[PDB]
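Fold and contact review
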Amino acid sequence: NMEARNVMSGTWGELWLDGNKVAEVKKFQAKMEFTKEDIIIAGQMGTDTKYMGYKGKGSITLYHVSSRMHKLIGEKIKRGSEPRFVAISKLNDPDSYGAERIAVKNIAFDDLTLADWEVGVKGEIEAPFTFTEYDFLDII
Amino acid sequence: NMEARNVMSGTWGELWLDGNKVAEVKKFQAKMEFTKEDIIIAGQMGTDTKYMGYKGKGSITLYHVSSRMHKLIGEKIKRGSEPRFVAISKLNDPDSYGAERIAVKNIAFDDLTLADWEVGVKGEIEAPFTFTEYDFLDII
Amino acid sequence: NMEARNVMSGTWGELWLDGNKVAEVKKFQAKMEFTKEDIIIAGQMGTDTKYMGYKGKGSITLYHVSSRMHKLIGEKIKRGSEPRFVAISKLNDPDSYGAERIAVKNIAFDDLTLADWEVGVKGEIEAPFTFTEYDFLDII
Amino acid sequence: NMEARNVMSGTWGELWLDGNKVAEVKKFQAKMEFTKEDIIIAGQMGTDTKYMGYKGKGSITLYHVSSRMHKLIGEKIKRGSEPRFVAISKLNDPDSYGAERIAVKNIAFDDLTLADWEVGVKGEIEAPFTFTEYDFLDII
Amino acid sequence: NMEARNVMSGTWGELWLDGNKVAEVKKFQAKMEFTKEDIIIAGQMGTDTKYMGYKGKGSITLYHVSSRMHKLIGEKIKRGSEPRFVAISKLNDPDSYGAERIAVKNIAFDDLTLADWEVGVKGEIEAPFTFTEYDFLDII
Amino acid sequence: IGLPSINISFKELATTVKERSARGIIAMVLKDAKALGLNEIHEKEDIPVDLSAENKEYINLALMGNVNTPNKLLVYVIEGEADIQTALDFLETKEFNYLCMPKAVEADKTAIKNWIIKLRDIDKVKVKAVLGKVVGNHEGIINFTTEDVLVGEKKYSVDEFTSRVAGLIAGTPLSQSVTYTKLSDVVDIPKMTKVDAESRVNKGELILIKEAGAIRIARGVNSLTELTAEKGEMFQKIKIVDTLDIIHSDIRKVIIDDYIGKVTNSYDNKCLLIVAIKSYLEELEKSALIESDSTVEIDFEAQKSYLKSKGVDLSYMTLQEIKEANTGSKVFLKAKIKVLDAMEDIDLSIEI
Amino acid sequence: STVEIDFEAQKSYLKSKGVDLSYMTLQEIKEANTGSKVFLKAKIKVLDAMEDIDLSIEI
Amino acid sequence: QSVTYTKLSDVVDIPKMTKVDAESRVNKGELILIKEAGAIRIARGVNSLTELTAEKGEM
Amino acid sequence: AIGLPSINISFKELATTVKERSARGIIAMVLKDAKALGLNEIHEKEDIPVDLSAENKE
């Protein structure tokens, strides 16, 4: 049942940000980090852990073709009002079993890049973010 | 007695997680870290140590073919209920002396990966965990 | 709509510093770092964040052809009076959609290089700075 | 039968003040301090004690999102009329054996914070109090 | 003959309170403080002391998994009746010479913690007490 | 849906019922001319009115529990003039721990003894009975021989007090034992000497003894009297046999529910089964029913004997090859545990 | 599992057709003409499910 | 999977029938229903074959 | 001789250990007795011919 062709290729990924399709995505990332506390129990040599909560962290990397992030956050950040966004990522490799589609909610970005260029180097933008909620659509 | 053929190859490894066989496994790891305290004894130049307990730590890496970890932990983590699992690893090289089979118990994972893809890069997943107990079956 | 030709090349960048064009720019950079505070809310597993402010940081790298920075800041720094500058960057690739022109204001430099040379090595200068304000002119 | 999962996490707490739920509650505690008198008995080397009474003490901390305490006590305190309140605290961790609910009665606050703010720092309010009675609901 | 292995580790402790084992015990200690009077003898430069008695003090800390202390003392304390208890502490490290067991009698607790919880932090309870007598079982 | 109802009612105090027990299921057979069938009796209040008052008193005696009321009472009613085997056939279908039948005759007792011995030995089902006057050597048969128990100015025969004994046994928790358990309701017992008590307890009877204060049970022994190398003195105690039966029932339920026919017989699946059984044993260890340091393993000798029986050549075979060989549909396993006993005898020497 | 030409059935058919099988190589017999008949043999292995379990417990 | 110990919920009652008789009947080779803990379930998953030869064995 | 499914769980106690039997050595041995003539090949203590006397058994 397992074959090398069943591994998903990242070239078949798609991204929607704030309801708008971004054709220029290089990579997408989203992950939840658990908070754990060590608990030593009397009479037991192996120490145990208690689950307490989690952190969502991610990043988006995209080719520099337009001023998407400027228009999204630049003017509102200065005024003191922070916006929140929703992203949808889809991974659909024709040679795999099926598709994987996840919605990431309550996204707050970490920074804003105004200019970053070098002579003889093509432009790219990296945007880390945090999040709180998510949903599952079409899991395998 | 030793021949270079007697070294175990990692291609002959197998893994069961929560009673289910996983075929797209890349590496498995499990290790116990001891806690030690320095004790200086009067009249002795060499300082000694006292054993206090241990930490079990491990990780699993697998090719991205299905949503195994999502189905395992995603919905329960949000509600505040943490699950525990049992894993069995077997290493059986035909050119070695025998097999090695260990059960790792009370496994709690460290994080959950929702999406991680890149254009022109094949997908992979890394899942660290901790544990407390283990058993021996068929040691060499 | 996207063609690989639409990615902006950094060779098509231009920089004005204190109203004077610098022909010798290697790279220009400007970025805003947000300050965030973790907030744990009762009854919620996913911890949230509160936006508090931002840091602007950047840098300029240029070929060593003249004493621009010496004349700009050297004599005033010793006397105890710190100057502030305005920079304008333009990125205009003929194969892209349009131009991107940003003015960075209230620039304070981090250091001053008096001499840095090596035998068999051509000269270059790196100048980090901080800033507070910015404006948008001709965004895409 | 002690397990690490059974330890109660404080993120599952809830508070009711004067019949109204407070969502922004950060911390809650209540304690009874016993009053004891030393007694020395002839022919007995070890000193004994006599129990005479108790005094209840507690504290509340909230995120600064509204003027709740002002509306609660401010105008009344000026005129010379002191109000008493009832507070209900609930701690219900899904991984624990059960819920714990206690009602704290005859609460008198110690002070009133009109304003406490700091540039670059988020707002918090701490309110100590004293009480006299309590009741048990859903004991474990 | 002193060895590092012979030092007693506190993970091997055990506690019995009022005849019932407490699995969630974290800390136990008990101590007798002697009362001394300074005496100055004529013709003697160094001051001497006279022993007059002692006072016993101790403390217990447990992981918050149940309402044990509430059921122990809460209702009785309100009505004006003070209960006394007996505690047995056992310390038996496999690498040590032997076990050590002590019974602490006529225990009177100092306070009662109704509630102490914190978002993002696990629950713990600290309970000081005073005692009068003790007995030796399995001394080393 | 009617008008809103806000009713505040005043009443006097009412008596508190004893707490129900999660453990302990007892089945009783009653003979009444009316209302035949199986009835599940949870509480003392819910009893069908068709039964006679005497059957009601037997039920009520069975209801009372030593520390807690038994979890559930299964009553099968037969009119009479019928073979007992027809009620035993229906009782084979249900699940129960103890079997008692107050209205008994010698042939009926022999039938019950044979039926339970056959079940335990061949049917591989662990059940027990409390019988009046039976000399059966098995651990599944409890022999209680006390004559003329008087409760509340009444006379109860030896055969019809077994319901009370069964209720007492079912009410006892696992950590404790029935030795020296006192019965407050019982008033008077016929006179009897101590040497006779020693002789009877050595013989294997569960009798009543009169001590300082109320009446109490002397010892909690079984009817087993003949010992072998395999069956020692441990098996004569009710508590140990009870915990062993609980372990047997739990493991059998797990195996039947999850493994018979469901999974293929391969060495990996055997390892999975071993891990599951080890986890169950650890769970038992945490509850302090059994001592720590219990193990589960593949039974190598039985597997090798089975391979020899089928004509497989064991020459030039590695130990791993023998251990991992195909065994058709059979699985051979072995385990090891340890159980403690209660406190019953104390010697205290005082120097003056 | 193995798949191969059924040698015994092919030889039986060759005898039934009057062909002589003596002084013939194994390879010669394997690729001989057999009209409209094809004879093949395959060898596979199957396992049973768990039906009986023995557990020995020592106290 | 197999059909051994497969429970039939619809079936309610079977005639009284002894265990040793069931052993003998399945030894001859028969599919029968047995009474067991819980519902009514299939005793064994054998078929009618009872001749044992070198060509066809126990499997 | 197939039969009904068998699920037995047995309780027991006090097993014992034995001596390991090795495949190392071969010994040639001569005995005199008036019955069971010819060579005799023995691997274990249980497959001994009952024909030989106790003195020959020693």
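Residues numbered from 1 in each chain as written, not as in the entry; some residues may be left out. Chains lettered and ligands numbered in written order. Part of a larger assembly, values for the part shown. Heavy atoms only, no water.

For this deposition, the record names cryo-EM as the technique by which the model was determined and cites 2.7 Å as its resolution.

Examining the overall build of chain H
When its secondary structure is counted, chain H shows 1 helix and 3 strands. Across chain H, helices and strands are ordered from the amino to the carboxyl terminus as β-α-β-β. A compact globule built from 59 residues should have a C-alpha radius of gyration of about 10 Å, whereas chain H, at 13 Å, is more than 25% larger. Along the first, second and third principal axes, the C-alpha atoms of chain H reach 40 × 25 × 15 Å. (Helix = DSSP H or I, 4+ residues; strand = E, 2+ residues; numbered from the N terminus. Rg over C-alpha atoms; globule rule 2.2 N^0.38 Å.)

Details of unusual backbone geometry
We note that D18 of chain C has phi near 55°; this positive angle belongs to a residue other than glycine. Tracing the sequence through the fold places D18 of chain C in the loop between strand 1 (13-17) and strand 2 (20-22). Residue classification places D18 of chain C among the partly exposed positions, given a relative accessible area of 42%. Its identity as a non-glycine residue notwithstanding, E81 of chain F has a phi of 55°, on the positive side. Within the element layout of this structure, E81 of chain F appears in the loop between strand 3 (72-78) and helix 2 (85-93). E81 of chain F gets classed as exposed once you look at its relative accessible area, which sits at 89%. (Buried < 20%, exposed > 50% of the residue type's maximum accessible area, 1.4 Å probe, protein only.)

Some words on the nonpolar core
If you look at the biggest cluster of nonpolar residues, it comprises 79 residues, and the most contacted ones within it are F28 and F109 of chain A, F109 of chain B together with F28 and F109 of chain C. When sequence neighbours within four positions are dropped, the list of residues in contact with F109 of chain C reads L17, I60, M69, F85, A127, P128 and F129 of chain C. Core analysis: the second largest hydrophobic core is formed by 51 residues, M32 of chain D together with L72, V104 and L112 of chain E among them. (Core = buried A, V, L, I, M, F, W, Y, C linked by side-chain atoms within 4.5 Å. Contact = heavy atoms within 4.5 Å.)

What to know about the relation of the copies chain B and chain A
Expressed as a screw transformation, the operator carrying chain B onto chain A has a rotation angle of 60° and an axial translation of 0.0 Å, and the superposed copies differ by an RMSD of 0.1 Å. The symmetry that links the two subunits is that of a six-fold axis. Minimal C-alpha distance to the rotation axis in chain B is attained by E37 of chain B, lying at 21 Å. Residue by residue, only 8% of the interface of chain B is reproduced at the interface of chain A, so the copies engage with different surfaces. (Least-squares fit on C-alpha atoms.)

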